[PDB]
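Student: Dropping the structure in here first, questions after.
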Amino acid sequence: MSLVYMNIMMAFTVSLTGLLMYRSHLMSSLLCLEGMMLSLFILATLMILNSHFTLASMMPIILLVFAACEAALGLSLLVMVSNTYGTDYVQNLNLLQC
Amino acid sequence: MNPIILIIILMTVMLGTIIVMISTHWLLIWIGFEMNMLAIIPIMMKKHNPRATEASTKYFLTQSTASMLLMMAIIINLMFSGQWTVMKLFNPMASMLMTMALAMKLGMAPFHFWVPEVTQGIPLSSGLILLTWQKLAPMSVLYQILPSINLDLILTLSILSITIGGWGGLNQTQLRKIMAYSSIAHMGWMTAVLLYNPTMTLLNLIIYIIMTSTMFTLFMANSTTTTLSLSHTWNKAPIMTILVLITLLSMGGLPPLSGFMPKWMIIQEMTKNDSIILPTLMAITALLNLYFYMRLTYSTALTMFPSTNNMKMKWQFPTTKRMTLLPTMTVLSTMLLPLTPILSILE
Amino acid sequence: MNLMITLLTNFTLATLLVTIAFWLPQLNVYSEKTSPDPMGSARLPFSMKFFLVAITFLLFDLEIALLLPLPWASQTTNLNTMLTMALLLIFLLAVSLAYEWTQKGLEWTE
Amino acid sequence: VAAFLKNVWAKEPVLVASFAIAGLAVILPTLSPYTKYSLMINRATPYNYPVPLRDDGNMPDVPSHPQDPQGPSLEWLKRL
Amino acid sequence: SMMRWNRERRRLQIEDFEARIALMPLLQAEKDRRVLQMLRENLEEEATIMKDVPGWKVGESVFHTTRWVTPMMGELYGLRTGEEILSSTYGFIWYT
Amino acid sequence: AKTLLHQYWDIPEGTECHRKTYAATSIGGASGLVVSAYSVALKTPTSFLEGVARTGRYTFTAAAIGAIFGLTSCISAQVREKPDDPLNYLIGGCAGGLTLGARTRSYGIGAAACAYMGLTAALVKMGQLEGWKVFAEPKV
Amino acid sequence: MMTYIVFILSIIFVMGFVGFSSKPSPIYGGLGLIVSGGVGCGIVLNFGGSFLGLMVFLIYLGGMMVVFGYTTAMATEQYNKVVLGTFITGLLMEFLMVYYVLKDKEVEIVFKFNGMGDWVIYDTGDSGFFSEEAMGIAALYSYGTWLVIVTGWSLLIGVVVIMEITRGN
Amino acid sequence: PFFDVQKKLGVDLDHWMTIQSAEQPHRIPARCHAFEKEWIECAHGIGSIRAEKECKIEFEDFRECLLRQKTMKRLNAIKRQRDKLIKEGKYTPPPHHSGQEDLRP
Amino acid sequence: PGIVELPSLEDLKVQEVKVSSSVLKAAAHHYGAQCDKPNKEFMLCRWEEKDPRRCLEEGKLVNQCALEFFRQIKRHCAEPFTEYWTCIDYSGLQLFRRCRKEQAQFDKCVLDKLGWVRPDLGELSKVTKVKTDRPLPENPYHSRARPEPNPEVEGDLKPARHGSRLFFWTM
Ligand SMILES: CCCCCCCCCCCCCCCCCC(=O)OC[C@H](COP(=O)([O-])OC[C@H](O)COP(=O)([O-])OC[C@H](COC(=O)CCCCCCCCCCCCCCCCC)OC(=O)CCCCCCCCCCCCCCCCC)OC(=O)CCCCCCCCCCCCCCCCC
Ligand SMILES: CCCCCCCCCCCCCCCCCC(=O)OC[C@H](COP(=O)(O)OCCN)OC(=O)CCCCCCCCCCCCCCCCC
Ligand SMILES: CCCCCCCCCCCCCCCCCC(=O)OC[C@H](COP(=O)(O)OCCN)OC(=O)CCCCCCCCCCCCCCCCC
């Protein structure tokens, strides 16, 4: 298939493995999650423009809006963790081991 | 929480699951999962302690990862089919990604690693919603894509869920983690029979939701989250020990109880398809789930652990908690095996 | 293509003026300065209210993103449905504003 | 109900103007004689090519030429 | 004022669209002969290039159907120069 | 690693000992790398050197189990001249169990791994013989 | 070179993700995702997605990543080998993909991929006096009624949900 | 559980965006409208198991319309052999493949 | 698969309308009024055959009828037409509304010397009927045979023989 689709899929997998290998910050995890969402937006957009499938052109905007709402929810969770420990470090989120 | 806001948020949880169940477009499937997660996050943060914020953060991260893998599976389906019908997928890569996404949303092993934490971090009612209502939408999507689900992948997920949910509950003393590892093992049982007969998948899901709702309703009616506080129930309310006895013997699949009903039927549908080793090892691994159920019945009904003195004050008050459908769910989780051929209503 | 030329010219003029502004007084040899804030050394206190107005911006901006195809949407032949859903989206932005109002979310940055 | 209106018009006239403009925007397209013409103009606008019909022999309401009398006319739009 | 002027602008839009409609059969005939010209040129040059290659059928359709498929961009401008490729595939996107 | 098991089963029993031994060694090495990957995943080592030491230990342990399994099974099928016989994989599984006990430096684990892995390898041979399906395709 | 430009932008796009997947700090991570959003927007714009590209700017970058940078600015107090090694690793993996598919005109990571420029697969016609992408987005109000209902309900629920969980009571 | 509420009530909540061959604004066709119409009208009602083997040809034509893998592979072959014969000196382009001929209309 | 059938380059030779787009836009309404019939025959053939290779000759008739349109302008009214398409040609959007007096002079000269009436607002967008002698394409999509459907359900529903037949249950 098309050569640009390779790069958009590979970008999704790069942001996946960034989201699947944390360092310390929860914000870096949220950024990897939104990089995944951005790559999904780009790939859906290039297909829908490429196929001239007219009614799915509203689809990526929906894919934006919901997920950005999702992002807002994630930011609030980070802030609540940041209102508990002072930082957003994921190693402070370990009370549920016992 | 404001009760009007609580009602609107719970109707939004239900509306997300309904939009997953009734829609014919993959974007509306993804939208229903997004709406379900977005509305269920405040139900988990109902009490505002750091454990609920940690549980909601872990739940958000796993369900958001699953939603993004779901949308990548949808987008690859759009690549290789040009359409959006919620049916079989037209690429094994999209099938693998959607099976991974739904195994994450169900918390099947080895994506189980959020289920015992999050259930421990949230209250018992939100744990009831997580372990019963949050299974219905991904099992519906698995119900509709079973022409494209790889056999080896879903059976590996099934046996790994049954074994890990067996060995996980053997070390536990918290009741919510016990119900969570029980959840993992039962989801393994439900997806092991998905490609063979999905009616028995629906049967196992309904019987599991009845038994789980019975156990969480008993845990709420007695205000018990640990084994050792459940062991004070005989000195407070001796009927509840008999109820947790018969319901924990039913969740272990001991006949003549109703929880013997699914797994037997599952074996009954896996030997027709000439699989003998697999339901045998599944049923042998279910003895682990039975073992920690028997541990709880020894702690609660069949012996009497020592109580404290302040229990004498709690004798002077009856339970004013709304035990909604608790006799109904107790009957329907124990005495239902003579009505086993009712399962054809799920065909 | 003309747009890419124009963006490159604007970026090049901006980078040129920034390089000139950062390196024209560096040619002077003025002195080396030692120089050993209202807050003394205290950590940045988080305010919940700035985060609430930023999230309220994001949510109303998503509602704006839904509202943006209206000048093209008015050209449809299903005008009753288009008008109903347009008034419904502006009404849901208004209901989000009213719920943000009446639960004290717009307070001390009103 | 009249004292409430003067009270909120003295205290919060921005919100009174807001709910008044919003209420007019809601109810007034269902009361206007020109709302029919918006639909009529949007369906009179030819974005597409008017793909012709194969003449079978019995279509007296379909013209053979654009300057034929039968067919949809737009004198209502030229006049208004 | 906006009522009168937008109604006149809609009448002007309909006049422009009717001019477009009246010109479209000439443009469609020219476009059909244009794309068949380019495909026949590509077919003849494919015939005079792909002679050494074993088992090559010149003009072999990749579709099992015998229906006319609308030609792709690379099917028309694949053998031509990259300047015509750019001026036929990014020009409207890049035009100002 | 689906082709690993196929190139293990493609050689007939008691015929080519070296490539059977190498195929079982490679299958054990793949399984040991899987165990090593999940082990350094869920349990963080204190260093990179400790992590690769755990990885090499588990990989060499499982590879030695596979090597001595395939060697003992093929030599038993050679000297007994019985290729379709699950007693050969019984002795091979017990040899791999003694290998696991020597790697864990303990005799009780060795006898347990002998018994259970010998029964497991006998069951795998019987499933190869009578066509037992564990991932059975849906037929009805 | 200019016939490959969308592909070239995609390369920068992948490099941009290796900018923040290596996770140097959430602030440089936000900067890398902003640059990635701009170049992926350019990819969208070079197919004719003008409205969708300006949604990448206005709503993703100008709306959402502003809130990411804003929230990040209210954490991580203002003043690696792992980031450097992962960055050069992703760089080398992407340029090895580039080298393979440019010397072979075919590659196969998971699927087969052509090595020509992606201009080849476009359409050779016109849309008349409209943009097809614009009319398909404008049909959100005519054809997308249920989609508008569930989207607006999710946004209203999102406002309510943020005001619940951020209250702390 | 696909509770088919849309067919039970007769409402169209999401069938309109489901296929490319559906009703589109201003009757804009998809680039693979005809192939998808043929694949759907082949595969309609006969079930998916019979559709995978009795309608494979229309599905292959439709997938090859969508992704153009055979077309791009054929253009790769022609362009690669063409540049190889340019390198060998055995081929020269015509004037109408160099831009010297004042195009048609 | 099979070999695609392209027509020869001789089958694509026709006398081209080598005028600019403002010349075409200035003459557009009279072109739609006068060159109605072969244009609509061609576009009927073009939407029915779904193949340009089955539509060449009618297309040539379009390119035959356009030229006879322009010669009949070039013989009689070259000055008002030139003065009108130049003014149409000035505008970057080629507005009709900027050029109403040159339009009025061109319409006056054409209606006097040729009797052509300019079409009113609404007329050129009508759906017209076309009487052709070419046949209707019976399979314009070149569709092959469709598969036979599965056999439907018929017969009155009898009860289940011995009930569920589940292991020991008699009902
Ligand atoms: C003029 C118009 C009006 C005309 C009226 C005509 C009638 C007048 C009399 C009205 C009353 C009629 C009653 C129904 C008809 C007779 C049904 C019957 O006896 O079936 C025998 C049934 C089958 O034996 P059969 O000799 O082949 O059939 C004789 C007839 O042809 C049976 O006929 P069939 O072949 O058509 O039967 C169909 C099928 C026949 O059965 C089968 O095809 C085999 C499958 C049966 C279920 C096996 C499940 C095994 C696993 C679970 C075991 C649970 C634990 C056992 C009990 C523990 C303690 C509660 O039935 C079922 O599958 C339904 C399940 C069994 C329900 C039987 C009716 C119970 C109603 C009262 C319940 C009270 C509690 C009972 C104990 C709870 C367990 C049932 O026997 C058993 O399954 C053994 C267990 C006994 C069942 C209950 C017996 C009913 C009377 C109970 C009175 C004592 C209550 C003491 C206090 C409460 C318990 C502590
Ligand atoms: C093919 C199948 C398709 C689908 C079929 C239908 C599936 C239905 C699945 C139902 C799942 C129900 C999940 C629980 C109910 C949802 C709301 C909830 O959790 O309510 C609990 C409520 C909260 O009150 P609160 O005050 O917060 O409690 C804490 C005390 N301080 O109140 C309490 O805490 C009070 C304690 C009692 C609450 C128990 C409510 C149980 C209701 C469900 C019964 C079981 C399901 C129905 C039967 C099976 C149907 C398949
Ligand atoms: C039906 C059409 C569509 C309607 C929805 C869309 C409207 C568009 C505008 C959206 C506005 C969104 C936010 C509105 C929130 C209203 C509630 C409110 O603000 O109550 C609090 C306020 C007292 O103010 P306070 O709490 O102190 O806040 C600081 C400012 N002083 O209390 C007040 O100030 C009292 C204000 C309420 C009474 C207003 C009456 C206006 C009457 C206008 C004419 C009739 C209009 C009929 C339409 C329906 C009216 C209900």
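Going by the structure tokens order, chains are called A, B, ..., each with residues numbered from 1, while ligands are numbered from 1 in the order shown.
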Could you pull out the residues sitting within 8 Å of ligand 2, using only C-alpha atoms and all ligand atoms, and write them as a PyMOL selection string?

Tutor: (chain B and resi 10+46+123-130+132-133+136+202+205-207+209-210+213-214+216-217+220-221+321-326+329+346) or (chain H and resi 1)

Student: Find the residues near range 35-49 of chain C: any atom within 8 Å, counting only C-alpha atoms, skip ones fewer than 5 places away on the same chain, and give them as a PyMOL selection string.

Tutor: (chain A and resi 83) or (chain C and resi 108-109) or (chain G and resi 74-75+77+166)

Student: Given the selection you just returned, output its residues as a file containing C-alpha atoms, formatted as a PDB file, in the first residue's frame.

Tutor:
ATOM      1  CA  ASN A  83      -2.627  17.570  44.378  1.00  0.00           C
TER       2      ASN A  83
ATOM      3  CA  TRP C 108     -12.662  34.228  41.792  1.00  0.00           C
ATOM      4  CA  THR C 109     -11.978  34.126  38.076  1.00  0.00           C
TER       5      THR C 109
ATOM      6  CA  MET G  74       1.657  24.155  36.834  1.00  0.00           C
ATOM      7  CA  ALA G  75       3.825  21.120  37.671  1.00  0.00           C
ATOM      8  CA  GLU G  77       9.400  22.743  38.989  1.00  0.00           C
ATOM      9  CA  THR G 166     -11.786  18.246  40.536  1.00  0.00           C
TER      10      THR G 166
END

Student: Would you kindly return, as a list in words, each protein, DNA or RNA residue with an atom no farther than 10 Å from any atom of residue 31 in chain E, considering only C-alpha atoms and excluding same-chain residues fewer than 4 positions away?

Tutor: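 Everything that qualifies: residues 25, 26, 27, 35, 36 and 37 of chain E; 124 and 125 of chain G; 104 and 105 of chain H; 52 of chain I.
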
Student: Identify, counting only C-alpha atoms and all ligand atoms, the protein, DNA and RNA residues located within 7 Å of ligand 1, and give them as a PyMOL selection string.

Tutor: (chain B and resi 256+335+337-339) or (chain I and resi 168-171)

Student: Take the residues from that selection and write them out as an mmCIF file, in the first residue's frame, keeping N, CA and C atoms.

Tutor:
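out.cif, written as the output of this step:
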data_model
loop_
_atom_site.group_PDB
_atom_site.id
_atom_site.type_symbol
_atom_site.label_atom_id
_atom_site.label_comp_id
_atom_site.auth_asym_id
_atom_site.auth_seq_id
_atom_site.Cartn_x
_atom_site.Cartn_y
_atom_site.Cartn_z
ATOM 1 N N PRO B 256 -25.279 -28.974 43.107
ATOM 2 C CA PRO B 256 -26.345 -28.678 42.150
ATOM 3 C C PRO B 256 -26.648 -27.190 41.981
ATOM 4 N N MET B 335 -30.288 -21.803 43.035
ATOM 5 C CA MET B 335 -31.268 -22.849 42.751
ATOM 6 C C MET B 335 -31.714 -22.863 41.302
ATOM 7 N N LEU B 337 -30.064 -24.505 38.529
ATOM 8 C CA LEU B 337 -29.654 -25.644 37.705
ATOM 9 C C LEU B 337 -30.786 -26.545 37.183
ATOM 10 N N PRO B 338 -31.893 -26.823 37.906
ATOM 11 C CA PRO B 338 -33.007 -27.549 37.258
ATOM 12 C C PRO B 338 -33.650 -26.818 36.094
ATOM 13 N N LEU B 339 -33.412 -25.519 35.957
ATOM 14 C CA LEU B 339 -33.839 -24.750 34.804
ATOM 15 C C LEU B 339 -32.692 -24.494 33.842
ATOM 16 N N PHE I 168 -30.937 -35.053 30.300
ATOM 17 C CA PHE I 168 -31.906 -35.837 31.053
ATOM 18 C C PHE I 168 -33.207 -35.070 31.182
ATOM 19 N N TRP I 169 -33.235 -33.855 30.657
ATOM 20 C CA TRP I 169 -34.423 -33.033 30.775
ATOM 21 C C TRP I 169 -35.451 -33.499 29.760
ATOM 22 N N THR I 170 -36.674 -33.716 30.226
ATOM 23 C CA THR I 170 -37.741 -34.212 29.376
ATOM 24 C C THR I 170 -38.587 -33.099 28.776
ATOM 25 N N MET I 171 -38.422 -31.865 29.237
ATOM 26 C CA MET I 171 -39.084 -30.732 28.615
ATOM 27 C C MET I 171 -38.050 -29.694 28.207
#

Student: Name the residues of range 16-162 of chain G that fall into strand (DSSP E) according to DSSP on the backbone, using the chain letters and numbers of this document, as an MDAnalysis selection string.

Tutor: chainID G and resid 106:108 112:114

Student: Could you please extract the residues within 6 Å of ligand 3, counting only C-alpha atoms and all ligand atoms, and hand them back as number ranges by chain?

Tutor: C: 91, 94, 97-98; D: 12, 15-16, 18-20, 22-23

Student: Print the selection's residues with N, CA and C atoms to a file, as a compact mmCIF listing (two decimals), in the first residue's frame.

Tutor:
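Ended up saving to out_39.txt:
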# COMPACT_ATOMS: atom_id res chain seq x y z
N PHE C 91 -27.25 25.46 22.34
CA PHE C 91 -27.92 25.28 23.62
C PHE C 91 -27.12 24.39 24.56
N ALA C 94 -24.51 26.47 25.97
CA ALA C 94 -25.14 27.32 26.99
C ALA C 94 -25.43 26.55 28.27
N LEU C 97 -22.24 26.13 30.07
CA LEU C 97 -21.93 27.40 30.73
C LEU C 97 -22.78 27.60 31.98
N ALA C 98 -24.06 27.22 31.93
CA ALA C 98 -24.93 27.39 33.08
C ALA C 98 -24.56 26.45 34.22
N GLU D 12 -29.86 42.17 36.13
CA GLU D 12 -29.05 41.39 35.19
C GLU D 12 -29.56 41.57 33.77
N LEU D 15 -28.34 39.07 30.94
CA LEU D 15 -29.01 37.78 30.85
C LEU D 15 -30.43 37.91 30.33
N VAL D 16 -31.09 39.04 30.57
CA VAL D 16 -32.42 39.25 30.01
C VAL D 16 -32.34 39.37 28.50
N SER D 18 -29.95 38.13 26.73
CA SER D 18 -29.51 36.83 26.25
C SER D 18 -30.68 35.87 26.08
N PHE D 19 -31.51 35.73 27.11
CA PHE D 19 -32.64 34.82 26.99
C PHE D 19 -33.70 35.34 26.02
N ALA D 20 -33.81 36.66 25.85
CA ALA D 20 -34.76 37.20 24.88
C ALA D 20 -34.32 36.91 23.44
N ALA D 22 -32.23 34.55 22.52
CA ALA D 22 -32.28 33.10 22.35
C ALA D 22 -33.70 32.61 22.12
N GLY D 23 -34.67 33.17 22.84
CA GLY D 23 -36.05 32.76 22.65
C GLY D 23 -36.60 33.18 21.30

Student: Name the residues in contact with range 45-62 of chain G at a cut-off of 7 Å, using only C-alpha atoms, excluding same-chain residues fewer than 3 positions from it; report them as a ChimeraX atom specification.

Tutor: /A:49 /C:61-62,65 /E:93 /G:6,34,37,41-42,65-66,133-134

Student: Hey, list the chain H side of the contact with chain I: 8 Å cut-off, only C-alpha atoms, answer as number ranges by chain.

Tutor: H: 34, 38, 41-43, 45-46, 54, 105

Student: Hey, what's within 9 Å of residue 2 in chain C if we count only C-alpha atoms and toss same-chain stuff fewer than 3 positions away? As a VMD selection string, please?

Tutor: (chain C and resid 5 to 7) or (chain E and resid 94 to 96)

Student: Each residue of chain H lying at most 6 Å from chain E should get a row with its shortest atom-to-atom pair and the distance in Å to one decimal, counting only C-alpha atoms; could you produce that, ordered by chain and increasing number, as CSV?

Tutor:
residue,atom,partner,partner_atom,distance
H:61,CA,E:63,CA,5.5
H:97,CA,E:80,CA,4.4
H:98,CA,E:81,CA,5.8

Student: Please produce a file of the residues just selected, as a PDB file, in the first residue's frame, where the atoms kept are N, CA, C and O atoms.

Tutor:
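And here is the file that came out, result.pdb:
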ATOM      1  N   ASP H  61     -11.340  -7.226  -6.474  1.00  0.00           N
ATOM      2  CA  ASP H  61     -11.383  -6.019  -7.299  1.00  0.00           C
ATOM      3  C   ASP H  61     -11.631  -4.777  -6.455  1.00  0.00           C
ATOM      4  O   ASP H  61     -11.058  -3.718  -6.719  1.00  0.00           O
ATOM      5  N   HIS H  97       6.294  12.426 -23.730  1.00  0.00           N
ATOM      6  CA  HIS H  97       6.667  12.082 -22.365  1.00  0.00           C
ATOM      7  C   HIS H  97       7.878  12.876 -21.898  1.00  0.00           C
ATOM      8  O   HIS H  97       8.540  12.488 -20.930  1.00  0.00           O
ATOM      9  N   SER H  98       8.182  13.979 -22.581  1.00  0.00           N
ATOM     10  CA  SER H  98       9.192  14.922 -22.139  1.00  0.00           C
ATOM     11  C   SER H  98       8.663  16.337 -21.970  1.00  0.00           C
ATOM     12  O   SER H  98       9.345  17.159 -21.349  1.00  0.00           O
TER      13      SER H  98
END

Student: Mind listing as an mmCIF file with C-alpha atoms, in the first residue's frame which residues of chain B are within 12 Å of chain I, counting only C-alpha atoms?

Tutor:
data_model
loop_
_atom_site.group_PDB
_atom_site.id
_atom_site.type_symbol
_atom_site.label_atom_id
_atom_site.label_comp_id
_atom_site.auth_asym_id
_atom_site.auth_seq_id
_atom_site.Cartn_x
_atom_site.Cartn_y
_atom_site.Cartn_z
ATOM 1 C CA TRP B 264 -20.490 -27.645 32.460
ATOM 2 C CA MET B 265 -22.271 -26.301 29.368
ATOM 3 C CA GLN B 268 -20.496 -29.573 26.754
ATOM 4 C CA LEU B 337 -29.654 -25.644 37.705
ATOM 5 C CA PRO B 338 -33.007 -27.549 37.258
ATOM 6 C CA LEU B 339 -33.839 -24.750 34.804
ATOM 7 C CA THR B 340 -30.613 -25.248 32.828
ATOM 8 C CA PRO B 341 -32.389 -25.652 29.400
ATOM 9 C CA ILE B 342 -33.663 -22.065 29.757
ATOM 10 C CA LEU B 343 -30.385 -21.071 27.979
ATOM 11 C CA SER B 344 -32.115 -21.384 24.584
ATOM 12 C CA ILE B 345 -33.676 -17.969 25.285
#

Student: Using the chain letters and numbers from this document, which residues of chain A does DSSP assign to helix (DSSP H, G or I), as an NGL selection string?

Tutor: :A and (3-19 or 26-51 or 55-85 or 90-92 or 95-97)

Student: Could you list the residues in chain B lying within 7 Å of chain G, using only C-alpha atoms, and format the result as number ranges by chain?

Tutor: B: 35, 38-39, 42, 45, 48

Student: Just the residues within 10 Å of residue 67 in chain A, please, counting only C-alpha atoms, with nothing from its chain fewer than 4 positions along; format it as a list in words.

Tutor: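 Near neighbours after the sequence-gap exclusion: residues 33, 34, 37, 38, 61, 62, 63, 71, 72 and 73 of chain A; 31, 34, 64, 67 and 68 of chain B.
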
Student: Near chain H, meaning an atom within 12 Å, which residues of chain D appear when counting only C-alpha atoms? Write them as a ChimeraX atom specification.

Tutor: /D:42-43,45-51

Student: Mind dumping the selected residues with C-alpha atoms as a CSV table (one decimal), in the first residue's frame?

Tutor:
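Resulting contents of out-v5.csv:
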chain,number,residue,atom,x,y,z
D,42,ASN,CA,-31.4,25.7,-1.4
D,43,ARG,CA,-33.1,23.2,-3.6
D,45,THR,CA,-29.3,25.8,-6.5
D,46,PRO,CA,-27.7,23.5,-9.1
D,47,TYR,CA,-24.5,22.1,-7.7
D,48,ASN,CA,-24.7,19.1,-9.9
D,49,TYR,CA,-25.3,18.5,-13.6
D,50,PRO,CA,-29.0,17.9,-14.4
D,51,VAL,CA,-28.5,14.4,-15.8

Student: Mind running chain H against chain G at 10 Å and telling me each contacting residue's nearest atom pair with the distance in Å (one decimal), counting only C-alpha atoms, chain and number ascending, as a Markdown table?

Tutor:
| residue | atom | partner | partner_atom | distance |
| --- | --- | --- | --- | --- |
| H:12 | CA | G:146 | CA | 8.7 |
| H:13 | CA | G:146 | CA | 5.6 |
| H:14 | CA | G:146 | CA | 7.4 |
| H:16 | CA | G:143 | CA | 7.5 |
| H:17 | CA | G:144 | CA | 8.6 |
| H:23 | CA | G:143 | CA | 9.8 |
| H:24 | CA | G:136 | CA | 8.1 |
| H:25 | CA | G:135 | CA | 6.6 |
| H:26 | CA | G:135 | CA | 8.1 |
| H:28 | CA | G:132 | CA | 7.4 |
| H:29 | CA | G:132 | CA | 9.9 |
| H:31 | CA | G:123 | CA | 7.8 |
| H:66 | CA | G:121 | CA | 9.6 |
| H:67 | CA | G:121 | CA | 8.4 |
| H:68 | CA | G:121 | CA | 7.3 |
| H:69 | CA | G:114 | CA | 7.8 |
| H:71 | CA | G:121 | CA | 9.2 |
| H:72 | CA | G:114 | CA | 7.0 |
| H:73 | CA | G:114 | CA | 7.5 |
| H:75 | CA | G:116 | CA | 9.3 |
| H:76 | CA | G:105 | CA | 7.4 |
| H:77 | CA | G:105 | CA | 9.9 |
| H:80 | CA | G:105 | CA | 9.2 |

Student: To one decimal place, how far is CA of residue 13 in chain G from CA of residue 28 in chain B in Å?

Tutor: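 Between CA of residue 13 in chain G and CA of residue 28 in chain B the gap is 28.7 Å.
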
Student: If we count only C-alpha atoms, what is near residue 15 in chain A at a cut-off of 9 Å, once residues fewer than 2 positions away on the same chain are taken out, given as a list in words?

Tutor: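 Close residues of residue 15 in chain A: residues 10, 11, 12, 13, 17, 18, 19, 20, 31, 32, 33, 34, 35, 36 and 39 of chain A; 17, 18, 20 and 21 of chain G.
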